[PDB]
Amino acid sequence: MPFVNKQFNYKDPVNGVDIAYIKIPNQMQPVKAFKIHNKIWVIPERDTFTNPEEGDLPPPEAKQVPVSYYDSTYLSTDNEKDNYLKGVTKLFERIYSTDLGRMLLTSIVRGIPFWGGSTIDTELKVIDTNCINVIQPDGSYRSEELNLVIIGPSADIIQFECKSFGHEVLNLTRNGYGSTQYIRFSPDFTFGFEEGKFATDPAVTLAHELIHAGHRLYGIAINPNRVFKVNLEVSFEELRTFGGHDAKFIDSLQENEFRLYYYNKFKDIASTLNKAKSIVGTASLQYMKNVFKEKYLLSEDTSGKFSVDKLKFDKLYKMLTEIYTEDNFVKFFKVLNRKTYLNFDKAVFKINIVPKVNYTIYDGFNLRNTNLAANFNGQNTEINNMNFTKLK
């Protein structure tokens, strides 16, 4: 693909296929969503659904800039939503235009959440919280599998994060199954980092989240309760998501214990696939087996039975846990970025990456053939001063 299969405008007519109104397992009124790629949807709305304790837009004891930022007005008009949509699109293309990004995005599309939502162990059933309900011409809904949703932030505009629906009796993000990932994110804000003169490239910030989603989609995310003292406690999951310099803070023994752990979980999945006798939905047990064979890179014998290939597993696992990292993306983008995760944002800026004179798929802010080309001038909020508005 050119990755994104078309230039959506927010006002484009619904077609029930890649532009439609949907519900996200909550009752909520439908919202307009856009499938920008197989398995990948964008909902240009403030996220007031995915959390019951988060259905409003600033709380009494709210933190200040540049930790949090509030504006209940943001993303409330069609112009804003159209802009949000086109911004997110641009960043996907920018990420995809790199070899690293191309791979991460491919692993994500392949990373279909396992069909382990059945009581019978020989039955393959999709978990409903891994689908969205898509409105059809008669007002009936059809359930559709998806891997990733990009959605507007909740009350706190810069609280970017991966969220997913849970299970009464399964730890989807940690058992090798994976679940559909909802990424609260905005293309219209970024951060000044130490030292905050220089602005973070929004493409890096999205990639960061895409890497979390990668982990979660393959059920290999690490419990946020697992932390490492750094001086301060940071979660294993974040340190490894950033990578680079921060790798030093990660206990290699635990690192290896998780690896063996998840190899086993993949065996469980292989074993389950072998025991499967029925499926729910419309193709196909055999087809879903192939789907998951590809996701977990399982080896298939002549009798069609599946098993985990140690080599293929080690490569897959390494790819997801220490090749897809923020630090590595920085290298590919050749932008300026914090060299560690433990770096405080010193400011927040409103931006607009949609105009091609502002930001390109190829150079981000540091446009070639402009004064902004050299020394990361484009990321210098004092030099490229018409592209950034410092907040409060």
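One rule holds for the numbers: they count along the sequence shown, beginning at 1. Here, rigid core means the biggest group of C-alpha atoms that superpose within 1.5 Å across both forms.
When the other structures are laid on the shown form by the rigid core, the stretch among 221-229 and 179-187 with the greater C-alpha deviation in 4 other deposited structures of this protein turns out to be 221-229. Taken in 4 other deposited structures of this protein and fitted on the core, 244-252 and 156-164 differ in how far their Cα atoms move from the shown form, and the one that moves more is 244-252. Counting the deposited residues that fall between residue 138 and residue 139 and carry no coordinates gives zero. The stretch of deposited sequence separating residue 57 from residue 58 contains 1 to 3 residues lacking coordinates in this entry. In this entry, the higher average B-factor at the C-alpha atoms falls on 250-258, of the pair 250-258 and 143-151.
Two stretches are in play, 168-176 and 82-90, and the higher mean C-alpha B-factor belongs to 168-176. Note on 41, 332, 49, 349: the highest value goes to 49, judged by CA B factor as recorded. Ranking 190, 118, 76, 321 by Cα temperature factor from the entry places 118 first. When the modelled residues of the chain are ordered by C-alpha B-factor, residue 326 sits in the lowest third. Residue 264: CA B factor in the middle third of modelled residues in this chain (values from the PDB entry). Compared with the other modelled residues of the chain, the Cα B-factor recorded for residue 12 ranks in the middle third.
Ranked by Cα temperature factor within the chain, residue 381 sits in the lowest third according to the deposited record. Sort the chain's modelled residues by C-alpha temperature factor and residue 30 lands in the highest third, per the entry.
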